Amino acid sequence: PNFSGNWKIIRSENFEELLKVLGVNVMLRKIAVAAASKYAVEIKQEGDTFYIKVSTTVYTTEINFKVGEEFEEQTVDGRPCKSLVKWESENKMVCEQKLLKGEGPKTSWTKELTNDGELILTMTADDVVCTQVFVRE
Ligand SMILES: *C/C=C(C)/C=C/C=C(C)/C=C/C1=C(C)CCCC1(C)C
């Protein structure tokens, strides 16, 4: 596997519906969907250590983790969480999240590198699955 790359989004499905489950009100959801049309993910992978930088027009966030080792990040709607990534196969990993404070929907995400060179991200909140597809710049 080599997830390393500068990835640009080409497709985004069910993102609005994901934000709805997470309690985001409709006007902000629409504005968020619009910001997702621009967004980029930069990955540097060495072995099972990942550096991931997610950026939109006005905001950028960095995620650092090692597979199998708990780390802290934030949920999609911004609530801090404890995360743990595991491989599910050669080119797919899955992250389970646990809220640091309080309660809410069960969230998770996955990243997969397809055989045709796409990166597929999924983000889940309860029953709702958002799928986003990226290609290398
Ligand atoms: C491993 C790759 C990951 C975990 C990517 C995570 C991406 C996000 C949490 C994106 C969030 C966004 C919003 C919360 C609203 C603005 C648009 C996005 C898609 C950047």
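Residues numbered from 1 in each chain as written, not as in the entry; some residues may be left out. Heavy atoms only, no water.

Taken directly from UniProt, the Function text for the protein chain runs: "Transports retinoic acid to the nucleus. Regulates the access of retinoic acid to the nuclear retinoic acid receptors." Its UniProt record gives the protein chain the following Subunit comment, quoted word for word: "Interacts with RXR and RARA (By similarity). Interacts with importin alpha." (UniProt positions renumbered as here; feature names shortened; annotations may be inferred.)

Caption draft 1: Highlighting the pairing of strand β5 (residues 71-74). Burial along β5 is one-sided: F71 and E73 are buried, and none of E72 and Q74, which face the opposite way, are. Taken together, the four bridges between β5 and strand β6 (residues 80-89) define a ladder with antiparallel strand orientation. Paired with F71 across the two strands is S83, which belongs to β6. Between β5 and β6, which pair antiparallel one after the other, the connecting turn spans five residues, and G78 there sits at a positive phi close to 95°. (Buried < 20%, exposed > 50% of the residue type's maximum accessible area, 1.4 Å probe, protein only. Helix = DSSP H or I, 4+ residues; strand = E, 2+ residues; numbered from the N terminus. Pairing = 2+ DSSP bridges.)

Caption draft 2: Structural view of the environment of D48. As for its position among the elements, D48 is in the loop between β2 (40-46) and β3 (49-55). In contact with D48, not counting residues within four places along its chain, are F65, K66, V67 and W87. (Contact = heavy atoms within 4.5 Å.)

Caption draft 3: Region of interest: the nonpolar core. Ranked by internal contacts, the top residues of the largest apolar core, which has 29 residues, are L18, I43, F50, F65, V85, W109 and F134. Tallying contributions element by element places strand β9 (residues 119-125) first for this core, with four residues. (Core = buried A, V, L, I, M, F, W, Y, C linked by side-chain atoms within 4.5 Å.)

Caption draft 4: Representation of the site of the ligand in the model. In the vicinity of the ligand, the residues found are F15, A36, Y39, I52, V54, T56, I63, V76, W109, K111 and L121. Expressed as a share of its isolated accessible area of 530 Å², the protein-covered part of the ligand is 83%. Elements with a minimum of two residues in the shell around the ligand: β3 and β8 (107-113). The class makeup of the residues in the shell around the ligand is nine nonpolar, one polar and one charged. (Near = heavy atom within 4 Å. Areas by Shrake-Rupley, 256 points an atom, 1.4 Å probe, with all protein chains shown as cover. Nonpolar A, V, L, I, M, F, W, Y, C, P; charged D, E, K, R; others polar.)

Caption draft 5: Quick peek at the packing of aromatic side chains. The full count for this structure, using the stated rule, is seven aromatic pairs. We note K111 situated over the ring of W109; from NZ or CZ to the ring centre the distance is 3.9 Å. (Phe/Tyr/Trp six-rings, centres within 6.5 Å; stacked < 30°, edge-to-face > 60°. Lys NZ or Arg CZ within 6 Å of the ring centre and 35° of its normal.)

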